[PDB]
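*Asks:* Below: the sequence, then the experimentally determined structure.
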Amino acid sequence: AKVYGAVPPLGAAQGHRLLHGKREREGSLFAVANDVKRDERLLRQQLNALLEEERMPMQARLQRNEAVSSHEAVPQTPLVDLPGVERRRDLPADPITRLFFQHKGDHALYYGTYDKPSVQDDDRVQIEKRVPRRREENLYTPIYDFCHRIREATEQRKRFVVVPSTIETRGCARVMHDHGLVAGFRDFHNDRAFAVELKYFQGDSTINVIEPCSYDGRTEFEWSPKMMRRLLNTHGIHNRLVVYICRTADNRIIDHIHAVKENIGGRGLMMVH
Amino acid sequence: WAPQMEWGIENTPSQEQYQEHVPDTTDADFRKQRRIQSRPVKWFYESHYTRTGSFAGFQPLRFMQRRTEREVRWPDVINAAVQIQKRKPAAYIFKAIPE
Amino acid sequence: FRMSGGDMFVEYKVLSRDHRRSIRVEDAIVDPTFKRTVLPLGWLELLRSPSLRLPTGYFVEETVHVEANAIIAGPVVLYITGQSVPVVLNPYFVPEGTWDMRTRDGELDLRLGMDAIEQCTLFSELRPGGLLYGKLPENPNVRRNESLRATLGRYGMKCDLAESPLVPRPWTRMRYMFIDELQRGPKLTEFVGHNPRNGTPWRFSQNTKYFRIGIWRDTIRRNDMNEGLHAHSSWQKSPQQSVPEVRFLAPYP
Amino acid sequence: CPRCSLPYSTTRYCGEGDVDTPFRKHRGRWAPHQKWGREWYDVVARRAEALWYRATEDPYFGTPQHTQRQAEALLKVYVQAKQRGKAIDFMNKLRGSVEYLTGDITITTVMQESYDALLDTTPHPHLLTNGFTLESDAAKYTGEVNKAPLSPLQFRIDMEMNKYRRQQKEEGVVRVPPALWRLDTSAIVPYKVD
Amino acid sequence: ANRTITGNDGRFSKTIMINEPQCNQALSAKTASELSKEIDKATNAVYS
Amino acid sequence: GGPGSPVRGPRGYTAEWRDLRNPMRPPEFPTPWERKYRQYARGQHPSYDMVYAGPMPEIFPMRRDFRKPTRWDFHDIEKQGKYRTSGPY
Amino acid sequence: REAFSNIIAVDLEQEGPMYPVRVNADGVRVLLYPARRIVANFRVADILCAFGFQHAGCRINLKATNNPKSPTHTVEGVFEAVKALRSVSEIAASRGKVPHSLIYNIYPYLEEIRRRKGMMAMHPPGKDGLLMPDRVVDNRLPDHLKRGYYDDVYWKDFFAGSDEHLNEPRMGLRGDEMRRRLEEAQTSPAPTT
Amino acid sequence: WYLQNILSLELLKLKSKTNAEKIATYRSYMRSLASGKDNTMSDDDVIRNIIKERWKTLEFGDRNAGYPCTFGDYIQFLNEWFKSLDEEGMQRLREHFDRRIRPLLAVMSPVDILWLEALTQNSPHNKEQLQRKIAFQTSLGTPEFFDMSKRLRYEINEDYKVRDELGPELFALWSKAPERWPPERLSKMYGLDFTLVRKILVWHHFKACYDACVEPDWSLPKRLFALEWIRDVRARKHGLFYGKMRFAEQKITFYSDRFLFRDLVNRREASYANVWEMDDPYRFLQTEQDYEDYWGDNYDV
Amino acid sequence: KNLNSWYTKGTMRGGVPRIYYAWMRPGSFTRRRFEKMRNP
Amino acid sequence: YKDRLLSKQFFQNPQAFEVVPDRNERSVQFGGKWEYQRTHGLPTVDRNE
Amino acid sequence: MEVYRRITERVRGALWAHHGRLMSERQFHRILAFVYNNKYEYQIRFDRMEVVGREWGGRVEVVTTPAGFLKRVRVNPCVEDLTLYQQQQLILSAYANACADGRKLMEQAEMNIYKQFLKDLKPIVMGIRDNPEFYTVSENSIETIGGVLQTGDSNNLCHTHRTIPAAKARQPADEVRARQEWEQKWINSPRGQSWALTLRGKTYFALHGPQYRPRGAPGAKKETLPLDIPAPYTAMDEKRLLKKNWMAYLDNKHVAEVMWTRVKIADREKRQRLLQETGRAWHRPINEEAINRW
Amino acid sequence: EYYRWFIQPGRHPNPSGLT
Amino acid sequence: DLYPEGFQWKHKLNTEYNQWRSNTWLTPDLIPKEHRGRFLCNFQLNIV
Amino acid sequence: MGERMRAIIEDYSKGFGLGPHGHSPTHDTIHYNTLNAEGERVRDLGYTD
Amino acid sequence: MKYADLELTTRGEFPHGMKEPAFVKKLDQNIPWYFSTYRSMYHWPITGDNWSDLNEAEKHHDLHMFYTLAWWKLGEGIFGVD
Ligand SMILES: [Zn+2]
């Protein structure tokens, strides 16, 4: 009749308050009140800590587990390494057959901006920014023209699309690539435009429709978390089919799924499915 | 365990069911599709844990629905599906006794 | 579960209600004489798991005399190796002063109680002919000396299982097993009403007033397609009538 | 009436004279008195079964272990509702109960004699019991006005024949007993009537 | 994370490319660990 | 408690470095933790998500649902009249 | 006949669309959207019920007064909208992603991978399971030995009338057995020859 | 009539085969030579056909006439037997009904109205006219095609027949110890999908319990479909409905084809002391919510 | 908590019957073409 | 094992061991509605053997 | 598993090809299930036992199970003076040694399992090969519409073998009954009683004494003759399938044919690899006259 | 209620119901 | 399952199945050639 | 009827195994008995001992 | 078993359910929209574990099965060896 997991079967010195059953000794009414308050505070803190541990996400749990696993009793100091093993390697490209040259990151000084690009990829044509001609005409936006160029290329059954290069457009392309609606994308470090390789399935196109949220840059739309969750809720059934792009206050272009997951609301960009 | 669902065949009364009065009999009820209904106390013999509450957060489509519109304009006789009634008799009966 | 020396040696594990802390015993004597199981007091704090449902480790924590010499704490879950159903208990925790459980070098002399036995399949061993029937305490309603055959004959047993021709064979109770995928395929399920689990699968019969004209038209002009509501009825000009529980993926017919 | 618990002589409609009658709504119709039958006997049996289950399921009024008072009340319900096989199975499960093994609940002679009286009164699925009575017009089919319509020795012969048929169907052949095998019919007591 | 292992995934075929032209495609310890992770992830993918 | 709530705010070894110990080293207090919970707490236990469950098959056939009588199923059509019958039930 | 030639069908695993689909057949704008119940005009709702949809809503040209409005347009617009519907499985395949509702099929694979620990992972240390026919063996025997080979272990005349087992099918047969076959074969064309 | 025809097999006298027929049947039955005649049938089949013909030839009418028993006597005996039937007999009768009549009720057609009437008709001349017309219809088509009994001929999954499934696999070996036989071991016998093999295992366990005349484990289907039971409970909690979740009411989400890697590495690098710890039936339950969703069905636990 | 009830869905069309699939399509119920190795 | 199995079978169907059986219905159970959790299964032999 | 499945598929394919008989799919999978349960029981026995691995002389000791479950670790205090990475690598090496010992034991036990499986499968092979109508042809023989031609290929070196005697009624049952008669004669011999009273006789009667086992004891109660199931004379599943439905018969025939073709392809590729390793076969096809000339 | 078991369904002896 | 099996049973002909369990068999001329012996369910005609 | 019979006959009469070229009779690339080459070989060889 | 000599002159009609109805040339109500637009209260199958003082579904099924077997002569003689 042996047991496991407990080296001492029982504690001779360790007893119980109820087992002792000694006469209750109270210092005073103030002491009783202080004891009640401190024990209820301890219980509340324990409950809150337990709830937080339950609510801790998987990423945090795995990071904490790895940290404690690799923990050392001594805080080891960093060592000197080679001149560089931490540089961000440039993405591969073919110099001969290319839409644009993959300009390396060491020329960040030479790089310009979307409005005033520097002279590069002169062998190719340059995408001119859309500009309204009259007041009545809608104020076009890079998101709008990117969406319409992608839609037109999809309808005309094209492979590569040259689209304007902004942070929001690159984030939208990255999200579409993550969701698989786009075969791939590449941000050649050209100030004006980058490349997107489309995807087709069963002769038709895997992208059904793309629509920018706002036609004018003058009007700006904000998406509340409830308005985002209404998209997920489809007459009582969870639905992640249609994809919505939002840009938050942290300059992080995400999708409505992650926006709902972290309970944040950013400005909308486009709807694609 | 399935709770007692509201807006059912037996829960709803006659006017809410068909906008007409039917006799409320414990037996011989062809309309309610039952033979004999001897009625004990609702939750006496049944186990307590089997009683899980009730649910009424929906719309009774026969009784009340959103956007009550006419199904088809012509003929004018037909109306929304919420109204299912039989033809009204003419000169039903008269009572000689004053009362 | 093994028999040696005339008693049942069972190995099990006792775990907290949230199944965080667990202590497994390799051998325990199944003793029906004890009303409820007894555990050492030292295990109280080694099984106290302050979960969220229970702010304290145990829902019930009181003191009893078996003078207030033991602690009743629980609930605590218990998994017997030979049992497929967990048993939840409120065992006695006894200090060393009232009772020393250690007997040999590493043996705690833990004996399982009647409350734990009656909740698992070992209760069947308390019936006549069981292993614990000989160790049941003296009572006028049980005589351990007499044999199982004698007890069953007293209760009414005359012959063995289904020896008489009148009683049917026990193995003839179920001659067939109904698995849809192994014969005739799945079922053609329909409904009339709001929801598939709300309406009924019975389509209205051929006697409906809205269907009689269509049925008559079909009977007259059987060689054409007649428009109407009669197609919704269970009567169809095709030999396969639309009735509940019809196998439509079956090879034949 | 099993439905309304009203006497048949004084009342004809269920729920007459009762303030809290659930069988009479505001614009409903009176329900005629129901006559006793095996359907209502089984209704009462099922109500008793539900009560027995709740007696241990209820955490407020229920007891951790059943009571001999509850057991004898259930036996009284069964005998008064004339549930023969149900009472037999209840008695067997009472014998097999854990509380019976512990001896907390004991089987008293009043329960034993009530069970015996129920068994005698209720008709038997195969044989005949004290409840069965001799009938007059059955002579048209039997031929004997006094003797009971069942021969125990013929029933024994048919039982042996059916046993041999079962053996033949089970094995495919039959094993012939030796020529010295004589059928035993010493204890076959003829049906003696009152 | 260091943009040394690159991946192109079709409907069913996954190609993994090592891109270390500065070191003549030489793998460090961290690079080799990441490459092993990518290899045993792409091989153990359902539609691979 | 979401982002709309007001913000919570923010050489050697610090004070919280001393209590942290490598799990390889034996624990200070040998609490008999369940092995399954130990694996599950660090995100290493094989996760049996509900999505891995497929259809719940019907083991035994429930019963035969016979055609129950209704106002639209009568041998004679005389009792199905606009003055008497407005629907099956 | 034209309807049966142009007949179509939809995937009913979803019982209704999961995304708004907007089309126009002959200028009539038709929108089909997910809904709790079948909410639409009587004719298009009956068309959807015939299609088997249970959670859908169809709208043509907004308010009914809006032109064009004709029964042919009403039928063809809703049929075009239903035809232009993409199923969830098809959308998932086009995106190249595994649906949430089909990953239960991998559970036996994962279970077997987890249960391959220990002895189940072992293989015969020395045998690869493939064996080559290095030598050629024959067990054919002459007819005289075939007749008497199985006198003891089996019954006498084990190869009695077997056509494939014996070189001579009728070898070892008796008069009645030969006569049955010959009589059948000769009395089938009794009056012919 | 039932006793003297269906029962009382001692006086049944079938045809006695000659010596040559006995020799040939012995050869064919003991060892089958290829291309042999398959028309020959076993004596059990002959007896079953005899009983079937005896049932079929029964026709009601006047007792003094050629008809053995009348419809009144038939219904009286049937009603009295049905009243006398207890729960066990009623269960066996329901099993027989589901085996025999229920598929016939499902597959019956109005074209067989006259045959269905002739099943227990009162023998008019109209039935004779209908039989002559049915003979004409048979001449038009095929008799064995146009009859009720042969409608249910072919079934899917011919490899695993219910006749073979009636006998549980390693029944005694796993009955001695249920702990040593998790469902994986028994399911290794079959080559079907997971749901099908689990259904087969549940059916085999229930058949074994019924044969042994012991209480079957009603929680065994729960333990085999523990993931399915939890999924259904949580689906009923999320969607305000009661029943079994179906495909049309399931969430739509698209994961990457390599989404399973995180769980796959855990499963591939998991290690266990014993094998019962590896294959315990409660490994699906981790938190108190899981335990509640699993054990919320029975009140005792 | 998804107050939209799955139990109360659809409209009663009177006596118009419609099929509802249990788990999957009857067309993909059986896969003999791969189980019995009938594929090219 | 034989006597354990006999006891289980007798407590399941006591009518099967009678020469002339009586009516057999199902009555109440002393172990609640889930007494199969304690009465189910064939008798079990020891794991050491 | 893999090897056992290959063997069973080869057995089924050969059984269908040589004698035109069909094995039930249930019977096919039953053998694999028996092998799996045998491995399961071996694992059940092995998890009880324990293995020890040692690293750095005796500085590091790891106590595990043959499956590889960590149970105990004992480490000399001097090892803790080493850095964490070195300690991790030492523990990993000790666990690797323990895994190596467990692998040795498990592979020996699995060879035992393989021998048991071959012994169980013996009756089927002997019944499909030991019948008077069974023959094969050399693989290098040209096959045509009518029959197989025979190339020379050193026909003097080539020798056809026969595994069945022309003597009447020679069977494993006859061999086993001869063995039983011989052992009974030895027991009844005058030295037999002395040998039976000797410890050797006691051990022999304890092991091969099934008729002496009391009722209720595990194991067979008698020694029975081996299985005699000849393929060309016993109907297995083909007649039942043909009588029931033709589609299932055709499907099972197709499955058997595909399995036989697959095992033949496996044998051909193994022979090709052996030839390439020997050096008699080139790495790329050079002789197209043996493929395209048909 | 026992009259229906001894009558021809088509035959109605007195549809009027008046003597 | 983009392209499922369907009804791969040849125990009866396509025309036989159409006759047994379909309305389309009674109107051979209306059904086109490509859908001749394919349908297995009764159809309702609604004339708009 | 003709299509069904032809399909059944072809399915029953199809061969299997490995031929003189060591490939399956229905191999994707190579073929066997092209233009009755084996037929004319058997015609010009025969079976005469 | 109680028995008395009685004769049931008219047995009845087979309860198959597929019988040719009495045909009407003119329908009383010419509107077909009522059938398509009819609605009724929901039929909840199970409410509170489905407990009744008398079993409804089981007893109704048994009573249906009794006369179904009576008209199908216990389903014996129809089937044969397959
Ligand atoms: Zn009353």
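*Replies:* Happy to help now that I have it. Residues are numbered from 1 along each chain as shown, chains lettered A, B, ... in the order given.
*Asks:* Now do the contacts for the residue in chain H positioned nearest to chain M.
*Replies:* Taking CB to the nearest CB, chain M has its nearest neighbour within chain H at residue H:154, 5.1 Å off. In short, each C-beta sits where N, CA and C put it, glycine included. Residue H:154 sits next to C:250-252, K:244-245, K:247, M:9, M:11 when contact means CB atoms under 8 Å, 6 or more residues apart in numbering or on different chains.
*Asks:* List the ones among the residues you listed that fall in helices.
*Replies:* K:244, K:247 (DSSP state H).
*Asks:* could I get the contacts of residue H:154 as a markdown table with neighbour count and distance to residue E:10?
*Replies:* Formatted as a markdown table, the contacts of residue H:154 follow (neighbours: other CB atoms under 10 Å in any protein chain shown; distance: CB to CB, whole Å):
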| residue | neighbour count | distance to residue E:10 |
| --- | --- | --- |
| C:250 | 22 | 40 |
| C:251 | 22 | 39 |
| C:252 | 17 | 44 |
| K:244 | 16 | 46 |
| K:245 | 18 | 43 |
| K:247 | 20 | 38 |
| M:9 | 18 | 36 |
| M:11 | 15 | 41 |
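*Asks:* Let's have the contacts of residue H:154 in TSV, adding distance to chain D.
*Replies:* Converted to TSV, the contacts of residue H:154 look like this (distance: CB to the nearest CB, whole Å):
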residue	distance to chain D
C:250	32
C:251	33
C:252	32
K:244	24
K:245	29
K:247	34
M:9	37
M:11	34
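*Asks:* between the contacts of residue H:154, which is closest to residue D:174?
*Replies:* Checking these against residue D:174 by CB to CB gives residue K:244 as the nearest, at 32.3 Å.
*Asks:* Could you measure from the nearest residue to that closest one once chain neighbours are set aside over to residue K:240?
*Replies:* Leaving aside its chain neighbours, residue K:244 sits nearest to residue H:158 (6.3 Å; criterion: CB to CB, 6 or more residues apart in numbering or on different chains). Here residue H:158 is placed at a distance of 9 Å from residue K:240 (CB to CB, to the nearest Å).
*Asks:* Compare neighbour counts for these two and give me the winner.
*Replies:* residue H:158 (21 against 15; other CB atoms under 10 Å in any protein chain shown).
*Asks:* Against residue K:24, how distant is the more buried one?
*Replies:* Computed with CB to CB, the distance linking residue H:158 and residue K:24 is 10 Å.
*Asks:* how many neighbours does the closest residue to chain O within the stretch 51-200 of chain K have?
*Replies:* Chain O sits closest to residue K:124 of the stretch 51-200 of chain K, with a gap of 29.7 Å, by CB to the nearest CB. Residue K:124 has 20 neighbouring residues, counting by other CB under 10 Å.
*Asks:* dump the residue contacts of it.
*Replies:* Counted by CB under 8 Å, 6+ apart, residue K:124 has contacts K:11, K:15, K:227, K:229.
*Asks:* Name the nearest residue to the first one, ignoring sequence neighbours.
*Replies:* Among residues not flanking residue K:11 along the chain, residue K:124 sits closest, at 6.0 Å (CB to CB, 6+ apart).
*Asks:* next one: the third one
*Replies:* Using CB to CB, 6+ apart and skipping residues adjacent in sequence, the residue nearest residue K:227 is residue K:123, 3.5 Å away.
*Asks:* could you pull out the strands for chain E?
*Replies:* E:5-9, E:14-18 (DSSP state E).
*Asks:* what lines up beside the first one in the sheet?
*Replies:* Going back to what we said before, that points to strand E:5-9. strand E:14-18 (antiparallel) (DSSP bridges).
*Asks:* gap between the strand it pairs with and the chain center?
*Replies:* 5 Å (CA atoms, centre = their mean, to the nearest Å).
*Asks:* Would you mind writing the CA trace of it as PDB?
*Replies:* Below are the C-alpha coordinates for strand E:14-18, written out as PDB (Å, rounded to 0.1, in the frame of the first residue of the first chain):
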ATOM      1  CA  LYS E  14       5.600  24.200 -51.400                       C
ATOM      2  CA  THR E  15       9.000  25.500 -52.400                       C
ATOM      3  CA  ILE E  16      11.500  26.600 -49.800                       C
ATOM      4  CA  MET E  17      14.500  28.700 -50.900                       C
ATOM      5  CA  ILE E  18      17.600  29.600 -48.900                       C
END
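*Asks:* For the residue of chain H closest to chain M, give its distance to chain B.
*Replies:* Relative to chain B, residue H:154 is positioned 38 Å away (CB to the nearest CB, to the nearest Å).
*Asks:* which residues does the closest residue to chain L within the stretch 1-150 of chain A contact?
*Replies:* Of all residues in the stretch 1-150 of chain A, residue A:54 sits closest to chain L, at 68.6 Å by CB to the nearest CB. Residue A:54 is in contact with residue C:52, counting by CB under 8 Å, 6+ apart.
*Asks:* and it, what element?
*Replies:* Take DSSP states H and E as the rule and residue A:54 turns out to sit in helix A:29-55.
*Asks:* hey, where'd the strands end up in chain D?
*Replies:* D:13-14, D:31-32.
*Asks:* try chain B
*Replies:* B:4-5, B:27-29, B:34-36, B:54-55.
*Asks:* Buried deepest among the ones you listed, which one?
*Replies:* strand B:4-5 (a mean of 20; mean count of other CB atoms under 10 Å in any protein chain shown).
*Asks:* which helices and strands does it pack with?
*Replies:* Using 3 or more CB pairs under 8 Å, 6 or more residues apart in numbering or on different chains; DSSP states H and E, the elements in contact with strand B:4-5 are strand B:54-55.
*Asks:* Neighbours of residue 81, how many?
*Replies:* Using chain A. 8.
*Asks:* sorry, should have said chain H
*Replies:* 12.
*Asks:* For the nearest residue to residue A:209 once chain neighbours are set aside, list the residues it contacts.
*Replies:* Nearest residue to residue A:209, sequence neighbours excluded (CB to CB, 6+ apart): residue A:273, at 6.7 Å. Residues in contact with residue A:273 (CB under 8 Å, 6+ apart) are A:181, A:207-209, A:241-243, G:19, G:91.
*Asks:* mind redoing it with 7 Å?
*Replies:* By CB atoms under 7 Å, 6 or more residues apart in numbering or on different chains, the residues touching residue A:273 are A:208-209, A:241-243, G:19.
*Asks:* Could you do residue E:45 as well?
*Replies:* E:14, H:257-258.
*Asks:* Recalculate using a threshold of 6 Å.
*Replies:* Counting by CB atoms under 6 Å, 6 or more residues apart in numbering or on different chains, residue E:45 touches H:257-258.
*Asks:* and it, what are its phi and psi?
*Replies:* The phi/psi pair for residue E:45 (degrees, to the nearest 10) reads phi -70, psi 150.
*Asks:* Give me the distance between it and residue H:260.
*Replies:* For residue E:45, the distance to residue H:260 - CB to CB - is 8 Å.
*Asks:* ditto for residue M:8
*Replies:* In terms of CB to CB, residue M:8 sits 32 Å off from residue H:260.
*Asks:* Name all residues that make contact with the closest residue to residue K:93 other than its chain neighbours.
*Replies:* Spatially, and ignoring its direct neighbours in sequence, residue K:93 is nearest to residue K:55 (4.7 Å; CB to CB, 6+ apart). Counting by CB under 6 Å, 6+ apart, residue K:55 touches K:90, K:93-94.
*Asks:* Out of these, who's the most crowded?
*Replies:* Counting by other CB under 10 Å, top hit in the contacts of residue K:55: residue K:94 with 24 neighbours.
*Asks:* Correct me if wrong: it contacts residue K:53.
*Replies:* Yes: using CB atoms under 6 Å, residue K:94 is in contact with residue K:53, at 4.5 Å.
*Asks:* hey, what's in contact with both of the two?
*Replies:* residue K:62.
*Asks:* what sits against the nearest residue to residue C:48 once chain neighbours are set aside?
*Replies:* Using CB to CB, 6+ apart and skipping the chain neighbours, the partner closest in space to residue C:48 is residue C:57 (3.0 Å). By CB under 6 Å, 6+ apart, the contact list for residue C:57 reads C:48-50.
*Asks:* Now do the residue nearest the centre of chain D against residue I:10, distance only.
*Replies:* Nearest to the geometric centre of chain D sits residue D:84, at 1.2 Å (CA atoms, centre = their mean). Separation of residue D:84 from residue I:10 (CB to CB) stands at 50 Å.
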